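Each ligand, and each atom within it, is numbered from 1 in the order the structure gives. By convention in this document, chain letters (A, B, ...) are assigned in the order of the sequence lines, proteins followed by strands, and residues within each chain are numbered from 1.
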Amino acid sequence: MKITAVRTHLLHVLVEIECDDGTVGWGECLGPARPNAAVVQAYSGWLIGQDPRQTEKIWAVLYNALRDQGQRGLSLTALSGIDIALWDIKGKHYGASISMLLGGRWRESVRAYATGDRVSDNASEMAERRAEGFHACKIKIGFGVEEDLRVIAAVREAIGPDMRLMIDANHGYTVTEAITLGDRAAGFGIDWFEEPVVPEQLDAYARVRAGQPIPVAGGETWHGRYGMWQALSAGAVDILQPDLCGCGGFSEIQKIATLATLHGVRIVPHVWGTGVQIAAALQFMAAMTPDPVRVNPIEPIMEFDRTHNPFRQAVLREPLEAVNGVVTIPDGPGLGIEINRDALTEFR
Amino acid sequence: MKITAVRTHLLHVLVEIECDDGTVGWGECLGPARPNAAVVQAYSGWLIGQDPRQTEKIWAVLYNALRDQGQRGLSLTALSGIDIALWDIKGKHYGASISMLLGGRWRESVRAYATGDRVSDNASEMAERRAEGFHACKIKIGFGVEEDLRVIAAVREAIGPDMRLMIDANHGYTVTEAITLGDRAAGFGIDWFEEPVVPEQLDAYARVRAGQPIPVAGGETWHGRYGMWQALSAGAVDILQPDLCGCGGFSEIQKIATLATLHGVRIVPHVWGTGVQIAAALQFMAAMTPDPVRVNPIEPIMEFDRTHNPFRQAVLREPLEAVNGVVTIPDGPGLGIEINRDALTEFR
Amino acid sequence: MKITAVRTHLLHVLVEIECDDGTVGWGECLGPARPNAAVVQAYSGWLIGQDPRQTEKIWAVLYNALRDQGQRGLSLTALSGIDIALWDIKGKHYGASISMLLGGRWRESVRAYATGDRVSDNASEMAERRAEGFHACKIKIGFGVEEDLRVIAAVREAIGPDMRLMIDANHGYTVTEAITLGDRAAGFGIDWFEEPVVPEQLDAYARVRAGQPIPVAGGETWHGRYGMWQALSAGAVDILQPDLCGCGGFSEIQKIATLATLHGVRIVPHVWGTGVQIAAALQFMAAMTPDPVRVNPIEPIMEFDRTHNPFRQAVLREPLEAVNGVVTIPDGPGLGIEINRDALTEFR
Amino acid sequence: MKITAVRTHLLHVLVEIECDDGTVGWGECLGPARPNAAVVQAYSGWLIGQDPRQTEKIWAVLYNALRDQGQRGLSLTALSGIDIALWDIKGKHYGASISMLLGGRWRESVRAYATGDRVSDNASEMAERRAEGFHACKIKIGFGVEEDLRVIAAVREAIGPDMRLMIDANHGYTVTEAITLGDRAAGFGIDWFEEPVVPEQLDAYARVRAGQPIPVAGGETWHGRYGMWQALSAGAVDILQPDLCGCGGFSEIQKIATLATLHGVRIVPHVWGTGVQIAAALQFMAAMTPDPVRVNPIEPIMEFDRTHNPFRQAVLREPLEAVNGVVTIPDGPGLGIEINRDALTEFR
Amino acid sequence: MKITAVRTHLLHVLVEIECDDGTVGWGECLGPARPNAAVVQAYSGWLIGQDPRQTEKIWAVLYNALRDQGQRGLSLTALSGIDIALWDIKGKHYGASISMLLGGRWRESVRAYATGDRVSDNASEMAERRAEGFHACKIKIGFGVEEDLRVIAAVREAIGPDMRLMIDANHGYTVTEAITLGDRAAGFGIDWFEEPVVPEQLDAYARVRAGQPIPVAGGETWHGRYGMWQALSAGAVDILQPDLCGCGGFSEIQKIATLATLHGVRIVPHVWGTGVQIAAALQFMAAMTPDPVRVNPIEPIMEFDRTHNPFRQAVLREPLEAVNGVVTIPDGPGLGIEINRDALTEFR
Ligand SMILES: [Ca+2]
Ligand SMILES: [Ca+2]
Ligand SMILES: [Ca+2]
Ligand SMILES: [Ca+2]
Ligand SMILES: [Ca+2]
Ligand SMILES: [Ca+2]
Ligand SMILES: [Ca+2]
Ligand SMILES: [Ca+2]
Ligand SMILES: [Ca+2]
Ligand SMILES: [Ca+2]
Ligand SMILES: [Ca+2]
Ligand SMILES: [Ca+2]
Ligand SMILES: [Ca+2]
Ligand SMILES: [Ca+2]
Ligand SMILES: [Ca+2]
Ligand SMILES: [Cl-]
Ligand SMILES: [Cl-]
Ligand SMILES: [Cl-]
Ligand SMILES: [Cl-]
Ligand SMILES: [Cl-]
Ligand SMILES: [Cl-]
Ligand SMILES: [Cl-]
Ligand SMILES: [Cl-]
Ligand SMILES: [Cl-]
Ligand SMILES: [Cl-]
Ligand SMILES: [Cl-]
Ligand SMILES: [Cl-]
Ligand SMILES: [Cl-]
Ligand SMILES: [Cl-]
Ligand SMILES: [Cl-]
Ligand SMILES: [Cl-]
Ligand SMILES: [Cl-]
Ligand SMILES: [Cl-]
Ligand SMILES: [Cl-]
Ligand SMILES: [Cl-]
Ligand SMILES: [Cl-]
Ligand SMILES: [Cl-]
Ligand SMILES: [Cl-]
C-alpha cells in the first residue's frame with residue numbers, strides 16, 4: 001500500500017495519514033502546534049507514495065533528514081506524530097491492536113493516578129480524588145521548600161495513610177532545595193520525586209538521587225534514545241518517563257524501554273495531550289514487559305488529569321475514562337479508537 | 001489464535017509450532033541438538049494454548065522461567081528457535097514478510113563473503129571464491145603467528161588487491177599473539193579480526209583493539225542483551241556479530257541492534273546453521289537500519305560457507321544461493337521459505 | 001589409571017564414572033536433567049581412557065570444547081557433575097577425604113540454617129525450626145513489599161530476638177522495591193538479603209547494596225570464575241553463593257574462593273540438590289579458609305531445606321542430617337558417602 | 001601423619017621437614033638465608049605435630065601469624081620453603097608427582113631459554129647458546145640506552161633472525177629511558193621486556209607498556225596474591241613472573257595463576273635458585289593450564305642460567321639439565337628428586 | 001666523619017653505630033629480632049667507612065640493595081634501625097635534637113592515651129587509666145561483634161562521658177562484622193576504629209569507612225612511601241599510623257607525612273617497642289606540622305602501654321613516663337636519651 005496524503009489538524013497538533021486503499025491513521029505531536037505542523041508538512045513531501053508499513057525505514061530516513069537543522073527535539077516531536085499514525089495504519093491494515101503488534105497484551109487495564117490558598121485546595125482536591133477511587137495522586141511543587149512541605153503534609157493528612165503520593169517540582173528547585181525538600185518530605189510516604197531540577201543538568205539529578213531518599217523520576221523532555229541513554233548513564237533517575245508523542249513515537253519508545261531494562265530503571269510513560277496521545281500511551285502500557293516478570297509485577301500507571309480532560313478527549317468518539325481509578329485499554333485495530341473530526345479544525 | 005503443538009526435528013535442531021487454524025512456523029536453535037530439544041519440550045508445556053502473536057510476552061515469560069537453572073545461554077538458544085517460529089507464524093497470519101514486520105526492507109539482497117598444506121589450500125580456495133564473484137572472504141587463523149601470517153600473505157597474493165579479506169582466530173590466540181598478528185598482518189588489507197581471544201575475557205578483546213589496527217569483531221556467543229551490553233561497555237568490539245538462533249531470536253536481536261547504535265558499533269549477523277537459520281538472518285538483514293543513513297550506506301554482508309551448504313540447505317525447498325556473490329532475500333510471508341519435511345527426522 | 005565408563009542417573013541428574021581398577025566416583029549437575037545428561041554423554045566420548053587424576057587438565061579441555069555452542073552455563077553445570085565425580089575418584093584412589101585434598105579440614109561440622117496465609121505459616125514453621133535447634137533461618141520474599149514486611153515482622157516475633165534471620169527475594173523485586181524493603185526490614189535484624197533483583201543486572205545489585213543497609217548475597221547462577229569476577233568487580237554482593245554443582249565443581253569453586261578473598265567478600269556455598277550435591281558442598285565447607293583467620297572465625301553455614309529432604313537424601317546410604325542445628329562433615333575417602341543405587345534409575 | 005621435625009640447610013636456604021612415618025619433604029626460600037631460617041625456625045614451633053597433608057590450613061595459619069611484624073615478603077619467602085616441602089611430602093605420601101596433585105601433566109618437558117667489553121661478550125655467549133640448542137635467550141640491560149642498544153643489536157646479529165630474544169633491565173631504567181629503549185630496540189625482534197622500572201611503581205610499568213611496543217614482564221618480587229593482583233589491576237604487565245620460592249609456594253602460585261587468567265595475562269614462572277627451586281618450578285610448569293587451550297598452545301618456558309648451574313644443582317642427585325634446549329620434567333613422587341645431603345650444611 | 005662499627009643488641013633488636021670520632025647512635029627495628037639483625041649485619045659491610053651525616057644517600061643505597069630479595073618490609077624494618085641511629089649520630093654531631101633537625105619543635109609534650117571475664121577487666125582497667133590522668137584510652141576488639149559491643153558499652157560507662165575512646169580490632173573482623181560493629185558502637189562516642197580488616201585488603205578498609213561512621217585508622221604494617229600511598233589512594237583511612245621503626249625511620253616517615261597532607265589525612269605515629277622506638281617517635285611528634293595550622297591545633301597523641309613498659313623502657317637511663325597523662329619530649333642532642341647498656345645483650 002501507499003500513503004496518498006498527510007494532513008495536520010488542531011484541537012495540540014494531530015497528524016492524519018491517508019492511504020490509497022482508504023486506510024487512515026492518526027497521531028499527535030508534543031509541543032507547539034505550528035512548528036510541528038510545518039515539519040510534518042515538510043516530511044510529507046517524501047512520505048507521499050511510501051509504504052506506511054515500513055515504519056523503521058520511514059523513521060530513520062525522516063530523522064536523518066533533519067539532522068543539520070539543529071532542532072533534534074522538533075524532529076522527534078514531529079516524527080512522533082507521523083510514527084503514531086503509521087502504527088495506527090499498520091494495526092488497521094493487519095487487523096491488530098498496536099499492543100499486539102508491539103508484542104502482546106500483558107494487561108487489559110492500568111491503574112490511574114490523579115494529578116493536581118494552595119494548601120487547602122490541594123488537600124480538598126486530593127481528598128476528592130481518593131473518594132473517586134484513584135489509588136494514587138501527584139501534587140505539584142517546586143515553589144519554595146517551606147510552602148511545598150506544608151502542601152505535602154496537608155495532602156497526606158487529607159488522603160489517609162494508604163493512598164500513594166508522588167511530587168513533581170517541574171524543574172523548580174536548585175539542587176540544595178530539592179535535597180532539603182526530599183529529606184524533610186520523605187517521612188510523608190512519597191513514591192517518587194519528579195523533575196526536581198532543570199532537565200539539562202543530568203549530574204544535578206544524580207546529586208538529588210544521592211542526597212535524599214525519595215526515588216527520582218524524569219524524562220518527558222529528554223528526546224529519543226540518545227537523550228534517554230545520557231540520563232541513564234549519568235544515573236539521573238530511578239524512573240524514566242518518556243512521552244510517546246515527544247520521544248519518537250512507538251518506534252523510538254520501544255528502544256528506550258530496552259535501554260531502561262539494562263539499568264533496571266522503571267518506565268512510567270508520560271501521559272499528557274489529547275485523547276490520541278492518551279490512546280497511544282495506553283497501547284504501549286498494555287504491551288510493556290515487567291522488569292522483573294513475577295506474579296503481580298510492578299505495572300505502569302497512568303497519569304490522569306481532570307484539567308481540560310473533557311476538552312482533550314473531545315477528539316475521540318469514545319473517551320478513555322477512569323472508572324474507580326482504573327482505565328481500560330482499547331483492543332481494536334491500531335489505536336483502537338475513532339476520531340471525532342468535527343472537534344478538529346484543519347491547519348494548512 | 002492458539003498454539004496447538006510444538007515439535008522438534010533434526011537435520012542442528014529445528015522447531016515446528018502448529019496453530020489451531022493450521023498455521024505452521026519454523027525456527028532453529030544454536031548448539032547441541034538434544035539439550036535444545038529438551039528445553040523446547042519443557043517450554044511447550046506452557047506454550048500450548050497461548051496466542052503465538054504475543055511474541056514479547058511469550059519471550060519474557062519463557063526466559064524468566066529458566067533463570068535459576070543456571071543455563072542462561074541454553075535458555076536463549078532454545079528460546080531462539082521458538083521465537084523464530086513464532087515470527088514465522090506472525091508473518092503468515094498477518095500476510096507479511098518478517099522483514100516488513102521488523103519495520104521495512106532497506107535492501108532486497110546482501111553481498112556474501114566466502115569462508116574457508118594450509119597455505120596453498122587457502123590460497124587456491126580463496127582464488128576460486130573470487131572467480132565465483134564473492135566481493136570478500138574470511139580465512140581461519142589462530143594456530144600460530146608465523147604460520148598464520150604465511151597464510152594471510154598467500155591469500156592476499158592469490159585474490160588480488162581489490163577483494164576484501166577478513167580473519168577469524170576462533171579464540172585461538174593469547175592477547176600478545178593477537179596483537180603481534182594484527183600488527184604484522186595489517187599491511188595486507190584486513191577489514192576485520194574475528195574473535196582474537198577467548199570470549200569470556202572482554203578486557204582482553206579491548207586490549208587487542210587498542211594494541212593493533214585491524215577492526216575487532218565478536219559476539220556469536222555473548223548471549224542476549226546483557227551479554228552484548230557487557231561487551232559493548234568494555235569496548236570489546238568494532239563489529240558485533242549476534243547469532244539469531246543463539247541470542248534470543250528476532251525479539252532479542254532487535255534489542256541488541258538498538259544497543260549497538262548507541263555505541264556506533266556495526267552489526268554483522270552471524271550466519272551459520274541450516275537453511276532456516278540462514279532464512280531468519282536474511283530477514284533481519286533486509287530490515288537492518290544503516291548507521292548512519294546515507295546514500296550507499298554500509299550494509300550487512302552475509303557469511304557464506306560452501307561446507308555442508310548443500311546439506312544445511314536441504315531443509316529448504318528452494319535454497320538461498322549466492323549468485324555472483326549476492327544473495328537475494330525472500331519476501332513472502334514469514335521467513336518466506338518452504339520446509340522440506342522429508343529432509344528432517346522428528347526427535348521425541 | 002583410566003576411566004572406563006561414564007553413566008548418568010536420575011533421582012536432578014547424577015554422574016557415575018567408573019575406572020579400570022574398579023574405582024567409582026559420583027557427581028551431580030545443577031539444572032534440567034536431560035540437557036545435562038546429553039552433554040555428559042558428549043563429554044564421555046573423550047573422557048573414556050583418560051586419567052581421572054588429572055582433574056585440571058580434564059576440566060580445561062572439556063570446558064574449551066563447548067565454547068562456540070553458546071551455552072556456557074550448561075557447559076559448567078555438566079562439567080560440574082564430572083568434576084565432582086573425578087574428585088570423588090581421586091579421594092578414593094589416594095585414600096583421602098576431598099576436604100583433605102582441597103588442603104585440610106578447618107572444621108568437622110557446620111551450623112545449618114533452616115529455609116522455608118503466608119504470614120502465620122512462615123511464623124509457625126520458623127518457630128518450629130528454632131525449637132529443632134537451628135541457629136538461623138531464611139524466609140522467602142519478593143512478592144510485594146507490604147506483604148513481605150508483614151511476614152518478616154511475624155517471623156522475628158515468633159523466633160525471638162536471638163535467632164538469626166535471612167531473606168531471599170529470588171529476583172522478585174525491582175531495585176526500588178528492594179531498597180524500600182531493605183530500609184524498612186533492617187530494624188528486624190537481618191543478616192543478609194539474597195538475590196534482591198534479576199541476576200543479569202549486576203549494577204542493580206550494587207544499587208541495592210548502596211541504597212539499604214542489609215548485606216546483599218547472590219551468586220547461585222553466576223557461572224564460573226568469569227561470571228563471579230564480573231559480579232565482584234561490579235560490587236554486586238557482600239556474600240557470594242557459588243553452587244558446586246553449577247559453577248564448575250571443586251576445580252572451579254576453589255578459584256572462585258580465591259577471587260572472593262581479594263575483595264574481602266564472604267563465601268557461603270549454595271546448598272541444594274540431592275545428597276550428592278550436599279556431600280560435595282560439605283567437603284568444600286570443611287576446607288574453606290577463614291577470611292580472616294582468627295580464633296572463632298566467621299564460618300560457612302549450610303542451607304537446610306526440610307522440603308523433599310528425605311527424597312533428595314535417598315541417594316545416600318547414610319543421610320547427612322542436622323542434629324540440633326549442626327551437620328557433621330564426612331571424613332572418609334572422596335565425598336565420604338555411599339550411593340544407594342536402588343534409589344536411582346539410569347538414563348540413556 | 002604428623003610432622004616430627006623441621007630443619008634448615010645451606011647451599012640459598014633449604015627446608016627439610018620430617019614426618020613420624022619417616023617421610024621427608026624438601027623446599028627452598030627466596031632471598032637471604034639467615035632471615036628465612038629464623039622465621040622457619042619460628043614457624044616450626046607450631047608445625048611440629050601438625051598434619052603435613054593440610055597444606056592450605058597450614059599456609060593460612062602461618063601467614064596470619066606474621067602479619068603485624070611488617071615483613072609480608074619475608075613471611076612469604078619463608079612460608080614458600082615450608083609449603084614446597086609439604087607438597088613434596090604430600091606427593092610422597094600419596095604416591096603422586098606434585099604436577100599430578102596440582103591437576104595433571106599438560107607437558108613432559110619445557111623449552112629452556114638461556115640467560116647471560118659487554119657488546120662482544122654478550123654476542124659471543126649468546127651465539128654459543130644458540131649452537132647449544134636453546135630456542136631463545138635473555139640479555140641483561142638497564143645500564144644506559146645507547147650502550148644497551150649496541151648490545152641488543154650485536155646479539156640479534158650473532159644469533160640469526162630466528163632465535164627469540166628477551167631483555168631484562170632489572171629495574172635499571174627511568175620510565176623515559178625504558179620507553180626510548182623499547183621504541184628503538186623493538187625493530188630487533190624482542191619477545192618481552194623484563195622489569196623496566198623499579199618494582200614499587202606499578203603505574204610506571206603501565207606507562208612503559210603504553211609507551212613502547214615490546215611486551216612487558218615482571219613479578220619476581222610482587223609477593224603473593226595481593227601483590228600480584230595490584231600489578232594486574234594497574235595493567236603493569238603482559239607477562240607475570242611469580243617465583244615459587246618467593247610468592248608463597250605451590251599453594252599461593254596456584255591462586256596467582258587463577259588471577260592471571262582473568263586478565264588474560266601470561267604466566268612464565270621465575271626460575272632461579274638451587275636444584276630444589278628448579279624442581280618445584282618444573283612441577284608447576286608441567287601442570288600449568290594453557291590460556292587459551294588449543295592445539296600447540298603457548299607454553300611456559302624455563303629460564304636457564306649456566307652461571308653457578310653446576311653449583312646450584314649440586315643439591316640434587318640427578319641434575320635437571322637442558323638437552324638441546326629442552327628440560328625434562330620429573331614424574332616421580334613429590335618433586336620427583338633426590339637430595340644430595342653431603343652438598344648441604346645444616347644451619348642452627 | 002666515618003662509621004667505624006655497627007652492632008646489634010637484644011632487649012626487639014637495637015642497632016648501635018659507632019663513628020671514628022667516638023660518636024655513638026642508637027636505633028631500633030620493628031619485628032623479629034634475628035631477621036633484622038642479619039640484614040643489619042649485611043648492610044654493615046657497606047656502612048663501615050661511610051659518612052653517617054649523609055642519611056638520604058645511605059637510605060637509598062641500602063634500600064636499593066635489597067630489592068630483588070623480595071623482602072621489602074624486612075628491608076624497611078632493618079633500614080629503620082640504621083636510619084634512627086644515624087639521625088641520633090647527626091643530632092650528636094651537630095649539637096641538635098632530632099626534632100630540631102626535622103624542622104623545629106611545635107610542642108614540648110604530647111598527651112598519651114592508655115591501651116589495654118573480658119568485660120569487667122577492660123572496664124576496671126580503663127577506669128583506673130582515667131584516674132591516672134589519661135585523656136583517652138584504646139580497647140582491643142575483633143573477637144566477635146556481640147561480645148565486643150558489651151566491652152565497649154562497659155568501658156564507656158566506667159570511664160564517664162568525657163574521656164575519649166578508641167577501638168582496635170587488629171584485623172580481626174570481616175568487612176560485614178566491622179561495618180555492623182561500627183554502626184552499633186558509634187553511639188558510644190568513638191574517636192577511631194583501628195585496623196578493622198586484614199591489612200592487604202585496602203578496598204575493604206575503604207568499604208568499612210563508607211559503611212559506618214567511626215573514623216578508620218591503620219598503617220602500622222604498610223611499609224614505606226609506596227605502601228602508604230597505596231592506602232591513601234584507595235581511601236583506606238582517616239588516620240594514618242606509620243611505625244618509625246618499621247616504615248624506614250625518620251627519613252621515610254617524613255615523606256609519609258608529606259603524602260598524608262595532600263590527602264588531608266591525619267598522622268598519628270604508631271608507638272610500640274623499647275624506649276628507643278618511643279624516644280624516636282616522640283622526636284617526630286615534637287616536629288609534626290599541624291594540618292591545619294591554627295591556635296590549639298589537632299596534635300599527635302602517644303599510645304602508652306603499661307604492659308611490659310618497665311621492661312621496654314629498661315634500655316633507657318631515664319624512662320619516658322606519662323605524668324597525669326602527658327609525656328615530655330626530650331630536647332637533648334639526637335634522641336635526647338642515654339642507653340643503659342647493662343640491660344642489653346649483644347647479638348652476633
Ligand atoms: Ca469529582
Ligand atoms: Ca511532569
Ligand atoms: Ca540527605
Ligand atoms: Ca566452485
Ligand atoms: Ca566466527
Ligand atoms: Ca601495535
Ligand atoms: Ca519438626
Ligand atoms: Ca536462593
Ligand atoms: Ca535507604
Ligand atoms: Ca658451552
Ligand atoms: Ca629477572
Ligand atoms: Ca613510543
Ligand atoms: Ca595504676
Ligand atoms: Ca594497633
Ligand atoms: Ca552503616
Ligand atoms: Cl479516520
Ligand atoms: Cl529542538
Ligand atoms: Cl489484535
Ligand atoms: Cl536522542
Ligand atoms: Cl488525561
Ligand atoms: Cl510447514
Ligand atoms: Cl510483506
Ligand atoms: Cl544476556
Ligand atoms: Cl551458508
Ligand atoms: Cl559406587
Ligand atoms: Cl547456558
Ligand atoms: Cl583423609
Ligand atoms: Cl564464567
Ligand atoms: Cl538439604
Ligand atoms: Cl630425603
Ligand atoms: Cl603421579
Ligand atoms: Cl600479597
Ligand atoms: Cl638454572
Ligand atoms: Cl652510647
Ligand atoms: Cl618483607
Ligand atoms: Cl637543639
Ligand atoms: Cl613502600
Ligand atoms: Cl609505651
Does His308(B) have its ring centroid less than 6.0 Å away from the ring centroid of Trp272(B)? no
Does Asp68(C) bring an N, O or S atom to within less than 3.0 Å of the Ca ion (ligand 5)? no
Strictly below 4.0 Å, N to O, side chains only: are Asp148(C) and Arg184(C) in salt-bridge contact? no
Do any N/O/S atoms of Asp168(B) come under 3.0 Å of the Ca ion (ligand 5)? yes
Please work out the angle at the Ca ion (ligand 5) defined by atom OE2 of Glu220(B) on one side and atom OE2 of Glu194(B) on the other, rounded to 10°. 90°
Between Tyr113(B) (side chain) and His135(B) (backbone), is there a donor-acceptor pair under 3.5 Å? no
Test of geometry: compute the angle O(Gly211(C))-the Ca ion (ligand 9)-OD2(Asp183(C)) and round it to 10°. 100°
Does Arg294(D) pair with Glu177(B) as a salt bridge, N-O distance under 4.0 Å? yes
